[PDB]
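# A closer look at the structure
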Amino acid sequence: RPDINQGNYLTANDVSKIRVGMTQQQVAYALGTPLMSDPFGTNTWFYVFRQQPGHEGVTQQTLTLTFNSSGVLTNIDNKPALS
Amino acid sequence: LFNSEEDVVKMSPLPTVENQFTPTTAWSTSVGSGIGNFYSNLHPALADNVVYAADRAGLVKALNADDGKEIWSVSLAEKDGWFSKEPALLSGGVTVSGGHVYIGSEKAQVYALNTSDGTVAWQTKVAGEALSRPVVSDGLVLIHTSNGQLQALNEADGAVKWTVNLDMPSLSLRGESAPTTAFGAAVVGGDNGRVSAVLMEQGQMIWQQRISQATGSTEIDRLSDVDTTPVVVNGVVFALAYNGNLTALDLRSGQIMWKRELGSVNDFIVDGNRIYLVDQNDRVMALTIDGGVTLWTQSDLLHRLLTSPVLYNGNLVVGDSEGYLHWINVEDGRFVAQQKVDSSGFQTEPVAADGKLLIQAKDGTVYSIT
Amino acid sequence: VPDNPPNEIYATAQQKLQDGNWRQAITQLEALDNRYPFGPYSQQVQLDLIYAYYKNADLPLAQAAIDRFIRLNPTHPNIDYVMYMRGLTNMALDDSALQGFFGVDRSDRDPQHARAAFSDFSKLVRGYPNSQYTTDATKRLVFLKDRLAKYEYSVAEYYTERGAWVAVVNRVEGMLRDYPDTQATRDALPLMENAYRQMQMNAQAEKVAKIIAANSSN
Amino acid sequence: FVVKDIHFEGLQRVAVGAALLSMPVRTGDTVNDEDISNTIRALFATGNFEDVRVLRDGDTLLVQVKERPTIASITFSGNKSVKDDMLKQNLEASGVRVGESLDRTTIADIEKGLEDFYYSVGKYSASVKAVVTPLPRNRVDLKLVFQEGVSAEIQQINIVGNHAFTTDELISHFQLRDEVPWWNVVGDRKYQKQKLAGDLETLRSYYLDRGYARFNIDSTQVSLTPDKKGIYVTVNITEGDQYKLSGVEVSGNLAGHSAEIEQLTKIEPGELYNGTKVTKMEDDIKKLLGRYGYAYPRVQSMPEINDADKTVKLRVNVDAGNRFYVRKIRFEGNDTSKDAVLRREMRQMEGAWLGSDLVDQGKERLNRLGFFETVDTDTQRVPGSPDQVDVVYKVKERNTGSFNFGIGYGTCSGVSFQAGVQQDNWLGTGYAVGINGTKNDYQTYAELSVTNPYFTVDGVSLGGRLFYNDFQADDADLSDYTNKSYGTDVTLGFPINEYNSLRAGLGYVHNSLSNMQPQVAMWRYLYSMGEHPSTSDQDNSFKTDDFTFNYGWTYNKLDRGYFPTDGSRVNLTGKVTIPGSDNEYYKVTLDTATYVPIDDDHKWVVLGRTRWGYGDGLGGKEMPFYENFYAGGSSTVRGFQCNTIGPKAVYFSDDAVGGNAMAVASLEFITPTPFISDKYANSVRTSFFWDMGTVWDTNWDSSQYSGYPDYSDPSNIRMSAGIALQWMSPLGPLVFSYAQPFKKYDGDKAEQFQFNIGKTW
Amino acid sequence: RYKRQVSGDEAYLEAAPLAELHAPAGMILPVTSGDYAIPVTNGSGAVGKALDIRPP
């Protein structure tokens, strides 16, 4: 019988800590490092919190940050649960 | 399968004999379970027209001086029920000064039993295993133990009076000894090459001395480095060592006067102006009193596990592992007679006193010789 | 082994090497190493010892002697040969069994030996680029890069099968970073496109489908 | 001053350039009066030259020096317990190996180092001697003649100072031993160094588990006999008085989990203080903090002893480090196993938070796979980023194939051989193949098995089997018939709670009956199948082919695999034939075994075994007799003969044919051994038992054979009582039993003494 | 075991060439490291089963 975790970790309190206009590495100071990034040129970051234990289905708190070429944050998107 | 793999080290057979004498075993009395296949110092003892033995199960006999029948038999085990019998492990010496013998143990006990009807006078506890010879000195039973605690007990109460703590290495070749008395000065063999000498009364360490040469990495020379038993002659004391130096020490100072590179873990004897000792390799030599020049070096019994010499009627008597006494003379060192006694062997001291020799076997059998 | 003046023993060593039997030749070369170690032609003896070790499947002694030769002689005039010998000794060590005949592919075992062989042949082809060992070395390199990329594709396959959907993204991204021109990556982009859909991150599935559709079929 | 020329005399193997660049003075430079002292010191510091003899003047610096020779071969002999390879490692660690120049001095140090290694293995009286053989071109042959002597043994392991326990009890849990008899495999009388340091913690864990808290080991001592054979071990203790646990208290960077952690460290008041409860609580807080998502949780636990009322106060301090993520798992060392094999045994998935115990669970599962000799986990750090961690599992494998063999003896199986080949990595893919063959008095069984323990990745296993079976029933105390059969099985199996295992499968079988003696109960079934022979002679035959369907459930929750003391085991096996064959039957069997303790140290156990079985035919065709049930003899109800309870055959007597309904209930009472000493009294299990069994037919009719005892009445319950012993000998497992039938019926046999030596067959 | 001679000898094994990956308009490929680059070479040595490996 399985048990799997996937992705980064959030605490539902750290999401109340970032601000619109946060400089670089301070989201890495509080949320930690990103685990999967977008490599194809657009400087943006992802955060996934996937976990599905004991035949109970999946759950997720997909978080998306899109940044600037300078390093200042531009836009966030906080999906509470998958559709 | 284990016999063909593990190889025999070394042995030497029995020599020939021209008797001139006939040893006749007069006593032939057993005591019980016997001391078994365990190395100890549990030898019988002679007292006033009476002999005393032990059994390493808890049994202590009491016999005659010329006949060989019991006069009181006492067990010292702790029996609880019909389904169990816990052994008491009597493995000290056996000795008697004031009408009550002292017997050591392995469970930190020193029993003290009277002469006429054997009962416990007192019973106390020492800091560890007490495998030594109890010895009296103005009262004051002086027990050496296997934790380096030279403890002292009184007579009518069994109370600890003082305690000196010695040192101890990792490996020891049966670190134990027996104290020796000289004008209220107790000389004591240690456990790591240190002969000590304390006062009798309160426990002040007067001086120390090192008489064993150490030329190893604490696992070749100090694979084993232990002394066994001092004895005192006029002024100067003599002491042995395993794989070391037979030396001679002054009483007040303890200066290294003269040495011989030798080795032993057994007793010796200083009667007259001679010294008779037994090597580790059973080379029974004989040395002078002060010179240490070898008088004779008769050694035919190499690797036969001899026990100890005595002085029965101007002749040294040794033991063996195959039950044979190997009577030798003194002025030449050549043999005199041989005698089959037992099919068990000896690891205990033969005891010769009051014109009587007697010896315990490895099966709990006491013999006397003529 | 008998003893002679060393030129005759080197002669019969070359004679034993000539007929293709190797198990006797290694003994004579060791006898040359023992009886007259610092003789005037020990270099050919050591190189023929390397060749006998390689041609008679004695790989750890080959590695020991080849590191001894790379220690003792840093600037020998034929150092390209012993570099190529260490390269072949690494790459032939990768199989080390009989599994290639029975029908099972071997591109799932330990890949460290191919990495050591790549690290050797890189220095070979970029250090002595006009020797007589280069053209086979580039072919061994272009085989070894594909054999290395098949390992990462065949672990991303298993993590797709298990359901650890962040790990397949973080492996196929590494495959597109390090081996961007092999055959395994263009067969591994459907794994990434299927993996991005099960996280409902549809902003990149169109990107992976664009990077698939702009390419050819295979 | 300069020297015109340097003359060197005696340099043959070393180079002139080597000797000139070794020493700081060269051929004809500005010199001094140090070159005499330099040629003393320089040629004796490289370790290549025996002697020097120098002279200096205004013309020639004239040196005579011979070279130290070079080793040709390092040879050994007489090494009994030691082999040559680790002797070569000890030589290479000692400083002299092949390709080295000796100095004709340090051979005593090599003999001393061999003495130290023989002290390390545990042989004290050894003696080695080096033999030097000259050879030209400066060569030495080196021989080491050995005399190992005698090994060491342990006489007694004595403990002094204990009061509230006994000295012959604490040795039973010890790794070391002092006595071992000739009927036990409890261990060996060998001594090792680190076993003592590992066993002192076992003694400390025994004393720290029953309420003793101020317990403190003072001193340990290892002595040995003057004949270098016996070793005496003595450890001191100092027993303290008992204690109780009063209250607990937590503190630390708890990450907002006060109510979460408080429900775990809270226990009831007034209990005996433990050493397993505190460590299980500590590891449980570690596991909970890992399961939230923290990586390296540190937890300390210190007591404070209040001896005024025999209480203790337990402080526990947590520490939560910052989290960590696994970016790449990597396996370096698997030479022949596929990488898809070694990744289904990892409970830490790549791209997740780092559980500090899940890595250890993966290490334990890799050890439990049995293909690998040793495993090694590690942890590195990717440079630059602070919280990304790789994890490397290094493995060193083993020769996977095997060759097993076993003999055994019974009271109703006779001699028994078990042989075969078993391979657990067929070409290193996960598959397991095997050819097995067993033989006893009556049943000869030759099977071939091929299985894959991961059909999918979620633990589902698939297996296939081809089996040949010879059954000569006259040896097994039944009415005579010869049955030869062969078939194939294909089965699944997948776990559902890591305790309950389910299985389901198909199978084809072909059975041939011949040399079949006539009777009534066989021939009613033969009438119902239609093929009726004549009743006269013992010459008949029957063939059949069946398609089957098997299903099974297994509950296995026991506290151990050998000599259990707690739990249950319930097995349920059902078989149905599917339409398309000759015989149409169905069978269901059930086995329950329960172990319940009543004491505290788990040494007084009550055991129960129930064993149930039903079966019947379909559509009018009766269930065939060669799948009957047999109960009696060393497995269900001890005391009777092998397979002899139930209905009796009628020739046209006093022999058994079995039936199709079985009920057996046995109650055992496990007691400690009452006669053997308590040093090793935990490897012999003694029990009393009271057994009931019954086997009865259903399709028998009493009206048509009314001169005979009724067999459709399950009222004649067979009862028995007996005494059983069970231990492990050097010949294998042994079980002894003495029963006494005290409620039996007409037509049964008695066998008062009954045993099984070796394997269960 | 003793089947190491198959790769121990000069048994030739060849595979597909390498093609540079294309790029769709509107984005960019990820930046390559360069640890596994194969430089362009000229000349023509021997290939498998035609190359001497006897040292000079």
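Per-chain numbering applies: from 1 upward along each written sequence, possibly unlike the entry's numbering, with residues missing coordinates excluded. Whichever chain is written first becomes A and whichever ligand is written first becomes 1, with later ones labelled in order. Hydrogens and waters are ignored; side-chain quantities use all the structure's heavy atoms.

### Points about the overall build of chain D
Note the cut-off: Helix and strand definitions follow DSSP, with helices as H or I runs of at least four residues and strands as E runs of at least two, each counted in order from the N terminus. The classification of residues rests on relative accessible area computed with a 1.4 Å probe and restricted to protein chains. Under 20% of the type maximum is buried, over 50% is exposed, and intermediate values are partly exposed. Methods summary: accessible areas were calculated by the Shrake-Rupley approach with a probe of 1.4 Å, and residue burial reflects only the protein chains presented.
Within chain D, the secondary structure is distributed over 9 helices and 32 strands. By the burial criterion, 43% of the 761 residues in chain D qualify as buried. Looking at chain D as shown, the accessible area adds up to about 39,100 Å², and 54% of this sits on carbon and sulfur atoms.

### Quick look at the overall build of chain A
What counts, and what does not: Whether two residues touch is decided by their heavy atoms; if any such pair falls within 4.5 Å, the residues are in contact.
Counting its secondary structure elements, chain A contains 1 helix and 5 strands. Starting at the N terminus, the α and β elements of chain A follow one another as β-α-β-β-β-β. For chain A, the spread of C-alpha atoms along the three principal axes comes to 45 × 30 × 25 Å. Across the 83 residues of chain A, 41% fall into the buried class. Taking the contacts inside chain A whose residues are at least 6 apart along the sequence as the reference set, 39% of them involve residues at least 24 apart. Looking at chain A as shown, the accessible area adds up to about 4,400 Å², and 49% of this sits on carbon and sulfur atoms.

### Digging into the interface of chain C and chain E
What counts here: Joining two parts hides part of their accessible area as seen by a 1.4 Å probe, and the buried area is that hidden amount summed over both. By convention in these notes, a salt bridge is any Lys or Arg side-chain nitrogen within 4 Å of a carboxyl oxygen on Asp or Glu. Polar here means any residue outside two lists: the nonpolar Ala, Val, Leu, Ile, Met, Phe, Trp, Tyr, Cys and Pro, and the charged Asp, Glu, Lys and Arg; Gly therefore counts as polar.
Counting residues at the interface gives 46 residues for chain C, matched by 41 residues for chain E. Across the chain C to chain E interface the summed buried area is about 4,000 Å²; carbon plus sulfur atoms make up 63%. At the junction of chain C with chain E, the criterion picks out 0 salt bridges. Every element with two or more residues in the side of chain C that touches chain E is listed here: α3 (42-55), α5 (79-92), α7 (112-127), α8 (134-162), α9 (165-178) and α11 (205-213) of chain C. By residue number, the principal contributor to the side of chain C that touches chain E is α8(C), which donates 11 residues. Split into classes, the residues belonging to the side of chain C that touches chain E amount to 22 nonpolar, 9 polar and 15 charged.

### Some thoughts on the sheet that holds strand β29 (residues 356-360) of chain B
Residue and element names in this part refer to chain B. So the rule is basically this: Note on pairing: two strands pair once DSSP finds at least 2 bridges between them.
Across the sheet, 4 strands lie side by side as β1-β30-β29-β28; this open sheet has antiparallel pairing. Each having just a single partner strand, β1 (29-30) and β28 (351-353) make up the two edges of the open sheet. For β29 and strand β30 (residues 365-368), the ladder comprises 3 bridges, and the chain directions are antiparallel. Pairing of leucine 358 across the sheet is with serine 368, part of β30.

### Quick notes on the arrangement of the chains
The pair of protein chains exhibiting the most contacts, out of 6 pairs of chains in contact, is chains C and E. Contact between chain A and chain B is absent, and the least distance between their C-alpha atoms amounts to 50 Å. As for chain E relative to chain D, no contact occurs, and the smallest C-alpha gap between them is 12 Å.

### As for unusual backbone geometry
A positive phi angle is found at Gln25(A), which is not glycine, with a value near 70°. Tracing the chain through its elements places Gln25(A) in the loop between β1 (3-7) and α1 (27-30). At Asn243(B), a position not held by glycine, the phi torsion is positive, near 60°.

### Brief notes about the pattern of salt bridges
A complete count under the given rule lists 45 salt bridges over all chains for this structure. Residues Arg162(C) and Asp458(D) are paired through a salt bridge, measuring 2.7 Å at the closest nitrogen-oxygen approach. With one member in each of two chains, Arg162(C) in helix α8 and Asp458(D) in the loop between β20 (443-452) and β21 (461-472) form a pair that bridges those chains. Using a relative accessible area of 17% as the deciding quantity, one classes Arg162(C) as buried. With a closest N to O distance of 2.4 Å, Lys310(D) and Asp241(D) form a salt bridge.

### Side note on the interface of chain C and chain A
Interface size is commonly expressed as the accessible surface area that is lost when the partners come together. Quick reminder of the rule: Polar contact criterion, stated in full: a pair of N or O atoms within 3.5 Å, where within protein one must be able to donate a hydrogen and the other to accept it, and residues adjacent in sequence count only if both atoms are side-chain atoms.
Taken together, the contacts link 19 residues of chain C with 18 residues of chain A. Carbon and sulfur atoms supply 64% of the area buried between chain C and chain A, which totals about 1,600 Å² over both sides. Here chain C and chain A share 0 salt bridges between them. In this assembly, chain C and chain A are joined by 5 residue pairs in polar contact.

### Re the pairing of strand β2 (residues 49-55) of chain D
All names here are of chain D. As defined by bridge partners, β2 adjoins strand β3 (residues 60-67) across 6 bridges and the pair is classed as antiparallel. When the bridges of β3 are listed, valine 54 appears paired with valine 63. The antiparallel pairing of β2 with β3 creates a hairpin that spans 4 residues between the two strands.

### Points about the packing of aromatic side chains
Selection rule: Pairs were defined over the aromatic rings of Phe, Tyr and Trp, the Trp ring being its six-membered one, requiring ring centres within 6.5 Å. Orientation was assigned from the angle between planes: stacked under 30 degrees, edge-to-face over 60, tilted for the rest. Charges are assigned to positions over rings by a cutoff of 6 Å between ring centre and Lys NZ or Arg CZ, combined with an angular limit of 35 degrees from the ring normal.
Counting across every chain of the model gives 47 aromatic pairs over all chains. In this structure, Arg56(B) packs its charged tip against the face of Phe38(B), placed 3.9 Å from the ring centre. In this arrangement the basic side chain of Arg465(D) is found over the ring face of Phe467(D), its NZ or CZ atom lying 5.6 Å from the centre.

### Observations regarding the packing of helix α3 (residues 84-94) of chain D against helix α4 (residues 107-121) of chain D
Residue and element names in this part refer to chain D. How we decide: Axes here mean lines fitted to C-alpha atoms, for a helix over just the part in contact, with angles spanning 0 to 180 degrees between N-to-C directions. Any angle between 65 and 115 degrees counts as roughly perpendicular, while under 35 counts as roughly parallel, over 145 as roughly antiparallel, and the rest as oblique. Each crossing gets its handedness from the near helix: less than a right angle anticlockwise from the far helix is left-handed, clockwise is right-handed.
Their axes nearest at 11 Å, the elements α3 and α4 cross at an angle of 130°. Viewed along their axes, α3 and α4 adopt a mutual orientation that is oblique. Considering the relative orientation of α3 and α4, their crossing is right-handed. Seen from α3, the contacting residues are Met86, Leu87, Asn90, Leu91 and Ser94; seen from α4, they are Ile110, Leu114 and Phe117. Residue classes in the contact of α3 with α4 are distributed as 6 nonpolar, 2 polar and no charged.

### Points about the packing of helix α2 (residues 25-35) of chain C against α3(C)
All names here are of chain C. One way to put it is that α2 packs onto α3 with a least axis distance of 10 Å and a crossing angle of 150°. Between α2 and α3, the angle is such that the two are roughly antiparallel. The way α2 lies across α3 gives a crossing that is left-handed. Residue-level inspection shows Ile26, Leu29 and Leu32 of α2 in contact with α3, the latter providing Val45, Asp48, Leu49 and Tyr53.

### Points about the state of the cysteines
Residue and element names in this part refer to chain D. Our working definition: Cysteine sulfurs are considered disulfide-paired once they come within 2.5 Å of each other.
Enumeration over the complete set of coordinates arrives at 1 disulfide over all chains. The side chain of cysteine 412 participates in a disulfide bridge whose partner is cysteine 642; the two sulfur atoms lie 2.0 Å from each other. Here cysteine 412 is found in the loop between β17 (404-409) and β18 (415-423), whereas its partner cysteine 642 is found in the loop between β27 (605-617) and β28 (661-671), with 230 residues between them in sequence.

### Examining the domain arrangement of chain D
So the rule is basically this: Residue ranges for the domains trace back to a domain assignment, done automatically or taken from a database.
Domain boundaries assigned for chain D yield domain 1 (5-67), domain 2 (70-147), domain 3 (153-236), domain 4 (244-320), domain 5 (325-397) and domain 6 (407-758). Taking the mean C-alpha position of each, domain 4 of chain D and domain 6 of chain D sit 51 Å from one another.

### Details of the UniProt feature "domain: POTRA" in chain D
Residue and element names in this part refer to chain D. This is how it is decided: UniProt positions are given in the numbering used here, feature names are shortened, and annotations may be inferred rather than shown by experiment.
Per the UniProt record, the feature "domain: POTRA" sits at residues 1-68, 69-149, 152-240, 243-321 and 324-398. Helix makes up 21% of residues 1-68 and strand makes up 29%, while its end C-alpha atoms are separated by 32 Å. Secondary structure content for residues 152-240 is 16% helix and 22% strand, while the C-alpha to C-alpha distance between its ends is 35 Å.

### Side note on α5(C)
For the record, the criterion: One fewer than the residue count of a helix, multiplied by 1.5 Å, yields its expected span.
Over its 14 residues, α5(C) extends 20 Å from the first C-alpha to the last, a length consistent with the 20 Å expected when each residue adds 1.5 Å. Among the 14 residues that make up α5(C), 13 are buried, leaving the element largely enclosed by the rest of the structure.

### Quick notes on the nonpolar core
Threshold: Only buried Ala, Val, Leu, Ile, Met, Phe, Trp, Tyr and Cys residues count toward a nonpolar core, and they belong to the same one when joined by side-chain atoms within 4.5 Å.
Counting residues in each nonpolar core, the largest one holds 50 residues, and the members touching the most others are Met36(A), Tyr159(C) and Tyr393(D). Those elements that place two or more of their residues in this core are α8, α9, α10 (189-197) and α11 of chain C together with β14 (325-332), α8 (358-368), β15 (372-377) and β16 (388-397) of chain D.

### Comments concerning empty space enclosed by the protein
Residues and elements named next belong to chain D. We apply this condition: Throughout, the protein atoms alone are placed on a 1 Å grid, and a set of points is a cavity if a 1.4 Å probe fits but cannot get out or a pocket if it is open with protein on both sides within 12 Å along at least five of seven lines; lining residues have an atom within 4 Å of a point. Grid points are joined across faces, edges and corners, and a volume is the space filled by probe spheres set on the points.
When its volume is computed, the largest cavity comes out at roughly 260 Å³. Taken together, 23 residues line the largest cavity, and the ones lying closest to its centre are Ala521, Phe625, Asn628, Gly658 and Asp697. By residue class, the composition of the lining of the largest cavity is 13 nonpolar, 6 polar and 4 charged.

### A short note on the pairing of β3(D)
Sheet analysis places strand β1 (residues 5-9) of chain D next to β3(D), joined by 5 bridges and oriented parallel. Bridging from a neighbouring strand, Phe8(D) pairs with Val63(D) of β3(D).

### Quick notes on a positive patch on the surface
For clarity, the cut-off: Residues enter a patch when their relative accessible area is above 30% and they make no salt bridge; the linking distance is 9 Å between like charges and 5 Å between nonpolar side chains (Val, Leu, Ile, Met, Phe, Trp, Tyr). Charge counting treats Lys and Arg as positive and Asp and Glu as negative, with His and both chain ends excluded. By convention, the point assigned to a charge is CZ for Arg, NZ for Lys, CD for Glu and CG for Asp.
A cluster of like positive charges, contributed by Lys277(D), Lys280(D), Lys287(D) and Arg291(D), occupies part of the molecular surface. Position of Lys277(D) among the secondary structure elements: in helix α7 (residues 276-292).

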